[PDB]
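Visitor: this one is an experimental structure. Sequence first:
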Amino acid sequence: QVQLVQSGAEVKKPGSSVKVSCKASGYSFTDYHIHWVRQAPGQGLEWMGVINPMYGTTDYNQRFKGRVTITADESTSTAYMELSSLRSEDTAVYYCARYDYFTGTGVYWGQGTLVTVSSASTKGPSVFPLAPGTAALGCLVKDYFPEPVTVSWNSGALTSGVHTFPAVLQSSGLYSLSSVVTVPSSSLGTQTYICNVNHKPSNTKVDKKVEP
Amino acid sequence: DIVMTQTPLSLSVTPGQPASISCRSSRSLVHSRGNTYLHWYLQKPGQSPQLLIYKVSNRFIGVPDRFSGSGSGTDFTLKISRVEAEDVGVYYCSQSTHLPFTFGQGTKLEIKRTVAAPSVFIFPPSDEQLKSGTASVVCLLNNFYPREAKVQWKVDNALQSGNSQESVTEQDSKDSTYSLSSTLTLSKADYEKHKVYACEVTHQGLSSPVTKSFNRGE
């Protein structure tokens, strides 16, 4: 199947440079153009540029004024996007998309990479249980930076009735979020309700047991 | 650069009813004979944009006949006949005729389902968190409609202000409801000064406010 897998999220100091990778698989890499499109939080889609990996030829959106460099490596089937002189305005989810001439557009997209342009240090989250007919339980994921944190239930198995709330920025300048799961009472003793938290910028991986 | 004007910016739609989104470009998107590079994407919350329609009216793999695109030159329209729960998300129109490629500002599609009352749950802070010197009390409002709701924190029947934060999920793709969390943050010391922690929920789907509470120590 056609898949574009991007590199992990990260905080970058203002003025510095970030390089985002995009690993393509399930097709012949040099046959298709790879485009880069960004999305500032709560905002729209902004096209940044293109590379033809067959020739290494590029086209960039003029507004970036040479800050963008898109490259490709056929040995690894990996396209990269480098954005220099990082502005607080460059805080966005960066996407790579595979374009083709039968549609004329981006069909297969990567999962996106949130690059946060801040001066604040990387902080790993603390994870706490939200212990309980129909029952509710969850996980409080507190004091992390930057965004995002991903949460899964029962080692990545459960997804039905799983509400992972958007994070809130605290007065402290640290994020916090909760993940809840509306399960039955009978099942509370049967299955060990594991909350799997992952914060890719700090390599934290936490599995906290939620028991009454 | 070609400006893509999408209208309306938001839309509320009843299940089984049609919807229509319009895109207008600053210049013609005609590339050559039989080729207009105007596409439509749906982006469901926290997901990547997914192609629905390319080149004005072509439907992508798996895209149902309910989604139809039309138009020509500078004026185009996406139409959904029989809007379903799964159609919630943000719609974007795209042009790939002239560089730089441009997108519409997006159109948020919200479903207008029946009134659904929230199921309220309260969670006390964990002993493990208390060891850190802070207490987070959480109140969960699960699967409700509409989004509007009032959450009041009461500690020993005293009404709280300025010490709580809320978060609301986007509309659910299956039941079209919302979920909300309210977090009351107190120091370990202040938390220990009280017995009853309660969360009062006001919502259109509730005849009288619903209260869920716990006694600290139990």
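Guide: Sure thing, it's come through. Numbering: from 1, shown residues only, chains lettered A, B, ... in the order given.
Visitor: drop to CA atoms for contacts and neighbour counts, all remaining ones
Guide: OK.
Visitor: tell me the domain ranges of chain B?
Guide: Domain ranges of chain B: B:1-112, B:113-216, per curated CATH domains.
Visitor: contacts only, for the residue of chain A most remote from its centre.
Guide: Computed with C-alpha atoms, centre = their mean, the residue of chain A farthest from its C-alpha average is residue A:133, at 36.2 Å. If you count contacts by C-alpha atoms under 8 Å, 6 or more residues apart in numbering or on different chains, residue A:133 has them with A:184, A:185, A:186.
Visitor: switch to 7 Å and redo it
Guide: A:184, A:185 (C-alpha atoms under 7 Å, 6 or more residues apart in numbering or on different chains).
Visitor: how near is the residue most central in space within chain A to residue A:41?
Guide: Closest to where the C-alpha atoms of chain A average out (C-alpha atoms, centre = their mean) is residue A:113, at 4.4 Å. As judged by C-alpha to C-alpha, to the nearest Å, residue A:113 and residue A:41 stand 12 Å apart.
Visitor: again with residue A:137
Guide: 29 Å.
Visitor: and those two? Which one has more around it.
Guide: Between residue A:137 and residue A:41, counting by other C-alpha atoms under 10 Å in any protein chain shown, residue A:137 is the more crowded of the two (24 against 10).
Visitor: return the residues of chain A in contact with chain B.
Guide: Residues of chain A that fall close to chain B, judged by C-alpha under 7 Å from any C-alpha of the partner chain: A:44-47, A:61, A:103-105, A:107, A:109, A:111, A:128-131, A:136, A:165-166, A:168.
Visitor: can you say which of those residues are buried?
Guide: Burial by neighbour count, 16 or more other C-alpha atoms under 10 Å in any protein chain shown: within the residues of chain A next to chain B this picks out A:45-47, A:61, A:103-105, A:107, A:109, A:111, A:128-131, A:136, A:165-166, A:168.
Visitor: interface residues of chain B facing chain A?
Guide: Residues of chain B lying near chain A by C-alpha under 7 Å from any C-alpha: B:37, B:48, B:51, B:54-55, B:96, B:100-103, B:105-106, B:121, B:123, B:126, B:129, B:167-169.
Visitor: could you redo the last one with a cut-off of 6 Å?
Guide: Contact residues (C-alpha under 6 Å from any C-alpha of the partner chain) of chain B with chain A: B:54, B:100, B:101, B:105, B:123, B:169.
Visitor: so who does the fifth one touch?
Guide: It stands for residue B:123. When contacts are counted by C-alpha atoms under 6 Å, 6 or more residues apart in numbering or on different chains, residue B:123 touches A:130, B:137, B:138.
Visitor: try it again at 10 Å.
Guide: A:129-132, A:136-138, B:136-140, B:183, B:197-199, B:212-214 (C-alpha atoms under 10 Å, 6 or more residues apart in numbering or on different chains).
Visitor: all helices of chain B, in order?
Guide: For chain B, helices defined by DSSP state H occupy the ranges B:127-130, B:188-192.
Visitor: equivalent analysis for chain A, please.
Guide: Taking DSSP H, the helices of chain A run over residues A:187-190.
Visitor: domain boundaries for it, per the record?
Guide: A:1-119, A:120-212.
Visitor: output the ones you listed as TSV; include the columns distance to residue B:29.
Guide: Output for the domains of chain A, formatted as TSV (distance: least, C-alpha to C-alpha, whole Å):
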stretch	distance to residue B:29
domain A:1-119	12
domain A:120-212	37
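Visitor: hmm, back to that, let's see which of the residues of chain B next to chain A end up in strands.
Guide: Members of those lying in strands (criterion: DSSP state E): B:54, B:123.
Visitor: farthest-separated two in the residues of chain B next to chain A?
Guide: Using C-alpha to C-alpha, these span at most 50.5 Å, a distance reached by B:100 and B:123.
Visitor: next, the buried residues of stretch B:136-148.
Guide: For stretch B:136-148, the neighbour count (16+ other C-alpha under 10 Å) marks B:136, B:137, B:138, B:139, B:140, B:141, B:142, B:143, B:144, B:145, B:146, B:147 as buried.
Visitor: and stretch B:95-105, by the same measure?
Guide: Counting neighbours by 16+ other C-alpha under 10 Å, one finds that the buried residues in stretch B:95-105 are B:95, B:96, B:97, B:100, B:101, B:102, B:103, B:104, B:105.
Visitor: now do the same contact list for the fifth one.
Guide: The neighbourhood of residue B:101, defined by C-alpha under 10 Å, 6+ apart, consists of A:37, A:46, A:47, A:48, A:49, A:61, A:105, B:1, B:2, B:94, B:95.
Visitor: from these, which two are the most distant?
Guide: A:105 and B:1 (17.4 Å).
Visitor: shared neighbours of residue A:113 and residue A:41, anything?
Guide: When contacts are counted by C-alpha under 10 Å, 6+ apart, residue A:113 and residue A:41 are jointly contacted by A:92, A:93.
Visitor: excluding covalently adjacent residues, which one is nearest to residue 192?
Guide: Just so you know, I chose chain A. residue A:209 (6.9 Å; C-alpha to C-alpha, 6 or more residues apart in numbering or on different chains).
Visitor: other chain: chain B
Guide: Per C-alpha to C-alpha, 6+ apart, closest to residue B:192 is residue B:216, 7.9 Å.
Visitor: pretty sure the one you found contacts residue B:196?
Guide: Yes: taking contacts as C-alpha atoms under 10 Å, residue B:216 lies within contact range of residue B:196: 6.4 Å.
Visitor: show me what residue A:177 is bridged to.
Guide: residue A:141 (DSSP bridges).
Visitor: tell me the contacts of the closest residue to residue A:211 other than its chain neighbours?
Guide: Leaving aside its sequence neighbours, residue A:211 sits nearest to residue A:131 (C-alpha to C-alpha, 6+ apart; 6.0 Å). By C-alpha under 10 Å, 6+ apart, residue A:131 lies in contact with A:137-139, A:188, A:193, A:209-212, B:122-126.
Visitor: of these, which is the most crowded?
Guide: Most surrounded of those: other C-alpha under 10 Å gives residue A:138, at 27 neighbours.
Visitor: test my guess that it contacts residue A:197.
Guide: No: the pair residue A:138 / residue A:197 is not scored as a contact, 11.5 Å apart, by C-alpha under 10 Å.
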